[PDB]
Structure formats: C-alpha cells, structure tokens
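# Next one to model:
(one chain, ligands or ions: 1)
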Amino acid sequence: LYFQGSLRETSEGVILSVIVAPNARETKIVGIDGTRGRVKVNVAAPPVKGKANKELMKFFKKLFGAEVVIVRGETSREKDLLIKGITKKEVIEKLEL
Ligand code: NA
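Numbering: from 1, shown residues only. Below is the structure in question.
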C-alpha cells in the first residue's frame, strides 16, 4: 500500500483523496484504504460547523506549505483536497516523512 493510489497531479496542483474520521485524539494519517484509493486521516475536531473540514485543511496546509482546499466531499467522509501549486513528487516526499 503506497500513497500514490490516493493522488493525482492536475494543472493546478495535486488532488489528494482522503477518507476522514472526526472526533480523533490527534489529527494524523492512520492508513491507506486500498480499495477506495484514499488516505485514512483522523481529524481531532468535531464534525459540526465545518470544524473537521477546517482542521483537515489546516493540517495539510501545514504539512505541504501550500493552500489546501476541498474540491469534493465537503459534507462527506470521502473528501478530495486540492493542494495548490505543488507537484506529486513533493506531496509523496512529505507524506512519507
Ligand atoms: Na466538518
């Protein structure tokens, strides 16, 4: 199981496909869902008032040093994040740290 199954590079940056679980002890990557092609991300925020979406974006903006926006799944557990202006190679390097 590699992170490459959860990423693709468009003209704008990298779309990182995640599957979240809120109410977690710590925001962190906890796995890879090999069937869905998504990174399993625990989010230390409640799923109310957009707080889990905010925490998710904050985590990845800090990790990648780039603006992160939700492009699909704002009200789903399965969310696609656009990491603007970054390459897939850079995203893989940072996910593997
Ligand atoms: Na939310």
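# Go through the lengthiest strand in the chain and flag the buried ones.
Counting residues, the longest strand in the chain under DSSP state E turns out to be strand 13-21. Within strand 13-21, the residues that qualify as buried are 13-20, counting by 16 or more other C-beta atoms under 10 Å. Placement of C-beta: from N, CA and C, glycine included.
# which secondary structure elements does it contact?
With contacts defined as 3 or more C-beta pairs under 8 Å, 6 or more residues apart in numbering; DSSP states H and E, the packing partners of strand 13-21 are strand 7-10, strand 38-42, helix 51-64, strand 78-84, helix 88-96.
# right, quick check: it against the ion, any contact?
No: shown here: strand 13-21 not in contact with the ion (C-beta under 5 Å from the ion), separated by at least 8.3 Å.
# Tell me how far that strand lies from the chain's centre.
How far strand 13-21 lies from its chain's middle: 4 Å, per C-alpha atoms, centre = their mean, to the nearest Å.
# Tell me the bridge partners for the spatially most central residue of the chain.
When C-alpha atoms, centre = their mean is applied to the chain, the residue found nearest the centroid is residue 18 (4.8 Å). Under the criterion DSSP bridges, residue 18 forms beta bridges with residue 39, residue 79.
# Now for residue 59: which residues touch it?
Contacts for residue 59 (C-beta atoms under 8 Å, 6 or more residues apart in numbering) come out as 27, 41, 43.
# didn't the last one look like it was pressed against residue 54?
No: counting by C-beta atoms under 8 Å, residue 43 stays clear of residue 54, with 9.4 Å between them.
# quick one on the thing from earlier: are any of the contacts of residue 59 buried, and which?
With burial judged by 16+ other C-beta under 10 Å, the buried subset of these is 27, 41, 43.
# so what's the closest residue to residue 26 other than its chain neighbours up against?
Nearest residue to residue 26, sequence neighbours excluded (C-beta to C-beta, 6 or more residues apart in numbering): residue 44, at 5.5 Å. Residues in contact with residue 44 (C-beta under 8 Å, 6+ apart) are 23-27, 55.
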